[PDB]
Colleague: 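Questions regarding the structure given below will be posed in turn.
The analysis underlying the following values was restricted to heavy atoms, covering all of them including side chains, and did not include hydrogens, waters or symmetry mates. Reminder, nothing fancy here: chain letters follow the sequence lines and each chain counts from 1.
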There are 2 protein chains.
Amino acid sequence: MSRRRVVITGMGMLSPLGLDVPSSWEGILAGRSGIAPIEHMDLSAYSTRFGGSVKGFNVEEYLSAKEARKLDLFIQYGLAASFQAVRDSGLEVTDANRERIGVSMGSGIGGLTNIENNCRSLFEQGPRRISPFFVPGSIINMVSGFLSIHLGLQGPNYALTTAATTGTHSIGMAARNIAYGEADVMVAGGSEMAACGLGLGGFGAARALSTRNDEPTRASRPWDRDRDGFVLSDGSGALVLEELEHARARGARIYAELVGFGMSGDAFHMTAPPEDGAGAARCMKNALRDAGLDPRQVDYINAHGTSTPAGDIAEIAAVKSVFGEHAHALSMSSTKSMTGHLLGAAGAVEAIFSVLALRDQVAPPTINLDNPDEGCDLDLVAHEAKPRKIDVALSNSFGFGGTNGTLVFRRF
Amino acid sequence: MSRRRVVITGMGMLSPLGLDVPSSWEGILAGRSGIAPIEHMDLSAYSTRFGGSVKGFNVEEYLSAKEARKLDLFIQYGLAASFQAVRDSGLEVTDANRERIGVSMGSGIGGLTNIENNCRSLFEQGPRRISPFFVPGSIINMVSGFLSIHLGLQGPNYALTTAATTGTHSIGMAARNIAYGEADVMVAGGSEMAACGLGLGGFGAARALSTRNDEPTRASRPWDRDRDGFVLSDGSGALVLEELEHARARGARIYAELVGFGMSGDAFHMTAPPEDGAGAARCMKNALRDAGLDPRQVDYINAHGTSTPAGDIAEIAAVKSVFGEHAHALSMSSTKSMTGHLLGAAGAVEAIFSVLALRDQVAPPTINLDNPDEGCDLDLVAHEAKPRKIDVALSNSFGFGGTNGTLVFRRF
Ligand SMILES: COc1ccc(OCC(=O)Nc2c(C)n(C)n(-c3ccccc3)c2=O)cc1
Ligand SMILES: COc1ccc(OCC(=O)Nc2c(C)n(C)n(-c3ccccc3)c2=O)cc1
């Protein structure tokens with residue numbers, strides 16, 4: 001009953017829409033696509049040749065060239081986001097507080113690019129060509145590791161990996177740490193860069209990607225009757241979470257309050273969701289109960305909304321189960337229509353968009369929703385952003401293994 | 001103040017000492033090595049040609065051949081352990097409780113073997129030869145995913161990846177879930193199978209492995225003055241954690257109580273620890289305070305004890321900082337002397353050994369401790385197991401990124 005309150009004091013991001021939060025959010029509010037033909041590798045033999053890339057990233061803004069060549073791109077992206085968020089927070093780390101400052105930055109796949117480059121070296125020339133930085137520069141927990149070293153952070157240090165739910169769980173479990181007194185501040189989010197042959201070929205073999213090579217900006221089409229799978233995107237999201245009285249005492253700017261976190265398992269199938277979204281329903285009901293909110297107080301849902309046939313339907317059903325007749329009053333959108341699917345970073349960037357929807361009183365759009373499929377009759381915010389009253393925003397992520405996560409945010 | 005108590009009702013394991021908990025523990029109490037020259041691949045060009053392999057594993061005891069060929073060995077090992085633990089618990093999963101039963105099984109590296117096989121296919125023949133099961137059969141969270149599907153578990157479902165701290169954090173964070181009311185039962189632990197060219201070559205390039213090819217059973221030598229790095233081992237550990245009143249009401253056998261979990265960050269270096277083990281000290285003090293135990297009540301520490309020059313010294317210093325003159329009354333050992341380092345599974349198997357030390361009132365040995373190094377003057381249980389009174393056992397894990405975790409166990 002007497003846990004502590006958690007607010008968002010700082011955010012940061014790289015996405016296919018921009019190298020920070022303001023440029024990303026301007027893209028989102030404008031209905032801009034970040035999806036394009038992939039520049040950095042030869043995809044002649046692959047059925048999908050496009051995705052959301054991070055464009056014009058300069059790691060030397062954040063780290064010396066020396067430090068950065070030790071690190072996979074997913075670590076560089078995660079540190080960029082983390083540093084933007086910590087700067088945006090204005091937090092001063094000292095000897096009196098560094099043990100109360102932790103980090104929870106995850107990833108889905110981790111350093112898959114590095115692993116493939118080092119595999120090339122291994123098979124061509126044998127194990128002598130392997131970098132000595134291969135292990136520490138490629139393992140998932142090294143975003144949390146490096147950030148704690150750079151900022152001197154001595155509180156809880158860990159890394160989730162729960163597929164497309166990674167970002168959501170990382171934030172939720174960091175908020176729990178603060179509420180239960182293990183830390184006063186947490187840096188939390190996720191990052192991903194799986195745009196290599198093993199990623200594109202991995203999701204291609206499973207037949208899970210959109211193959212709309214002719215029109216990449218139209219490929220990601222959540223709830224649309226001609227959807228054909230997800231678009232693979234790269235990037236990172238980070239939030240500075242903080243105990244409310246900590247934030248108030250130092251006069252921090254508060255974007256919003258994190259009131260609710262929920263988890264569930266579908267226990268259904270490795271990749272497919274259940275047709276009724278029964279596990280998504282339970283997860284959302286857990287998050288609302290955790291927040292002490294009735295379903296009728298939710299104004300905006302940032303949906304998972306990946307542009308898959310089964311997925312998108314199951315989310316509509318879940319939302320209709322949870323909210324009932326209130327399903328027709330709230331606005332729900334998929335920013336994956338613009339961003340594509342950022343995998344382990346998806347829930348981190350979507351947590352930020354949900355916070356900014358609270359800040360700006362605006363529901364971002366679902367682009368490409370030309371012909372909503374059977375049952376897709378909610379306010380899906382098709383085509384253009386909708387100014388509206390938003391007191392409570394909810395963010396859903398649902399991943400491989402049937403792992404589900406919801407965050408509930410409230411205007412402060 | 002009024003959180004719920006957590007007990008261990010079930011355990012399971014594959015290690016280099018056996019295909020279950022009783023055979024593993026018999027090896028440990030006997031001072032048996034599980035380290036040998038690696039049989040399954042040609043290591044001519046590698047500086048280390050040995051490790052701890054799982055021997056005579058039959059996945060068909062646990063899963064159909066059909067299901068098992070979808071899965072990396074780390075997933076097979078994690079499911080084997082999980083299933084052994086759930087069976088050992090005697091828990092019956094029903095509609096009334098399945099939402100109160102979760103899973104937290106992690107890994108350090110995940111499906112590194114699968115990734116390398118699929119890289120071979122990719123580079124030889126192009127992306128068409130990639131398995132469609134590559135992604136779901138190789139990602140870390142699929143031990144938690146598959147177990148929830150097999151048993152119908154609908155409670156919190158997630159996966160940590162914190163290097164050599166994975167097993168410890170997975171258990172600790174699962175115990176928190178139960179104590180704070182998110183679940184009544186959790187399956188938690190870790191698994192690893194990184195004995196491929198990228199693993200052995202990865203840790204070799206960094207110069208972190210013992211190169212004692214002439215005498216593999218003597219390579220792992222924690223605190224010994226001729227130690228030269230760790231031994232790479234494979235396996236899995238799983239515990240069924242359970243709210244005490246839940247356990248008592250169904251008449252479960254309780255092995256021990258989980259009273260304490262602690263975390264910290266060194267914030268020092270990517271791989272090296274600080275010479276004083278300052279972060280290990282804080283982590284242990286956090287775990288004891290969490291348990292409401294004075295340092296003087298600790299009887300046994302299952303050490304991290306990896307057989308590295310800097311690591312092993314730093315642990316002695318940390319233990320001398322925390323315990324003071326009581327450092328000379330407790331017994332501390334490294335079961336890595338026998339098992340080698342099981343990476344993300346290390347803390348899960350070591351959690352089980354610590355519980356069994358409580359059960360059997362016996363401190364397992366540190367083998368190969370021929371010549372303790374300068375400062376290594378504690379009761380390190382050199383050579384042979386020591387029957388003794390053990391009311392409180394502590395298990396330490398310390399990983400890459402400076403991530404630290406301690407578990408405190410108490411006789412019930
Ligand atoms: C309400 O019902 C649902 C609606 C949608 C739904 O989509 C699940 C989803 O995104 N699954 C995953 C995909 C497609 N990827 C690529 N991925 C992943 C991420 C990182 C690393 C590995 C894999 C996923 O986890 C599920 C349920
Ligand atoms: C008290 O001070 C200390 C004593 C010992 C100490 O050892 C740290 C340690 O085990 N580091 C790691 C190693 C060697 N590996 C291979 N590994 C890992 C696991 C899974 C995947 C990737 C890497 C580690 O995390 C640190 C501190």
Side-chain angles (χ1 to χ4, degrees), chain A residues 45-46 98-99 102 108-109 115-116 118-120 122-123 126-127 130-132 134-136 139-142 144-146 148-149 152-163 169 180 182 197-198 201-207 263-265 267-271 279 282 399-403, chain B residues 45-46 98-99 102 108-109 115-116 118-120 122-123 126-127 130-132 134-136 139-142 144-146 148-149 152-163 169 180 182 197-198 201-207 263-265 267-271 279 282 399-403:
Chain A
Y46 293 73
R98 64 174 77 257
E99 294 176 50
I109 325 277
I115 291 155
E116 189 170 279
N118 280 260
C119 257
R120 199 173 290 109
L122 182 59
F123 304 151
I130 299 170
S131 176
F134 173 57
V135 176
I139 58 172
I140 292 174
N141 68 306
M142 204 58 34
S144 298
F146 272 115
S148 91
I149 296 160
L153 311 180
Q154 285 181 346
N157 187 309
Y158 62 98
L160 276 287
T161 179
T162 59
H169 288 158
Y180 292 125
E182 283 177 291
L198 272 187
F203 292 115
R207 295 162 61 66
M263 288 183 281
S264 68
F268 176 77
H269 195 264
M270 76 202 306
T271 58
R282 295 186 303 273
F400 288 7
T403 182
Chain B
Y46 293 73
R98 64 174 77 257
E99 294 176 50
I109 325 277
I115 291 155
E116 189 170 279
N118 280 260
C119 257
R120 199 173 290 109
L122 182 59
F123 304 151
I130 299 170
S131 176
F134 173 57
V135 176
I139 58 172
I140 292 174
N141 68 306
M142 204 58 34
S144 298
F146 272 115
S148 91
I149 296 160
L153 311 180
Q154 285 181 346
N157 187 309
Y158 62 98
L160 276 287
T161 179
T162 59
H169 288 158
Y180 292 125
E182 283 177 291
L198 272 187
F203 292 115
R207 295 162 61 66
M263 288 183 281
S264 68
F268 176 77
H269 195 264
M270 76 202 306
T271 58
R282 295 186 303 273
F400 288 7
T403 182

Colleague: Counting heavy-atom pairs under 4.5 Å to chain A, which of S264(B), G279(B), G399(B), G402(B) comes out on top?
Modeller: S264(B)

Colleague: Hey, is CZ on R120(A) packed in by over 12 heavy atoms from elsewhere, all under 6.0 Å?
Modeller: yes

Colleague: Parallel under 30°, tilted from 30 to 60°, perpendicular over 60°: which one fits the rings of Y158(A) and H169(B)?
Modeller: perpendicular

Colleague: I need the minimum non-hydrogen distance between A206(B) and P132(A), along with the two atoms involved.
Modeller: CB-O, 3.5 Å

Colleague: Below 4.5 Å from any heavy atom of chain A, which atoms of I139(B) appear? Answer side chain, backbone, both or neither.
Modeller: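 When you check distances to chain A, only side chain atoms of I139(B) fall under 4.5 Å.
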
Colleague: What option among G201(A), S148(A), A159(A) has the most heavy-atom pairs under 4.5 Å with chain B?
Modeller: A159(A)

Colleague: Considering only heavy atoms and a distance below 4.5 Å, find which of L153(B), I109(B), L122(B) pairs most often with chain A.
Modeller: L122(B)

Colleague: Flag the one option from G204(A), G145(A), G265(A) with the top tally of heavy-atom pairs under 4.5 Å to chain B.
Modeller: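 The option with the most such pairs is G265(A).
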
Colleague: Can a donor-acceptor pair be found, under 3.5 Å and without considering hydrogens, that links the side chain of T403(B) to the backbone of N157(A)?
Modeller: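 Answer holds: yes.
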
Colleague: Report which part of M142(B) has an atom under 4.5 Å of a heavy atom belonging to chain A: side chain, backbone, both, or neither.
Modeller: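 Contact with chain A is through the side chain of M142(B) alone.
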
Colleague: Are side-chain heavy atoms of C119(B) and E116(A) found at a separation under 4.5 Å?
Modeller: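 Yes, their side chains come closer than 4.5 Å.
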
Colleague: For the candidates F203(A), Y180(A), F146(A), which exhibits the highest count of non-hydrogen atom pairs separated by less than 4.5 Å from chain B?
Modeller: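 Of the options given, most contacts go to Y180(A).
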
Colleague: Nearest heavy-atom pair of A205(B) and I130(A): which atoms, and what distance?
Modeller: CB-O, 3.6 Å

Colleague: Name the member of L160(B), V135(B), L198(B) that forms the most heavy-atom pairs with chain A at distances under 4.5 Å.
Modeller: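 Answer, by heavy-atom pair count under 4.5 Å with chain A: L198(B).
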
Colleague: Among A163(A), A267(A), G401(A), which has the most heavy-atom pairs under 4.5 Å with chain B?
Modeller: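 Heavy-atom pair counts peak at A267(A).
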
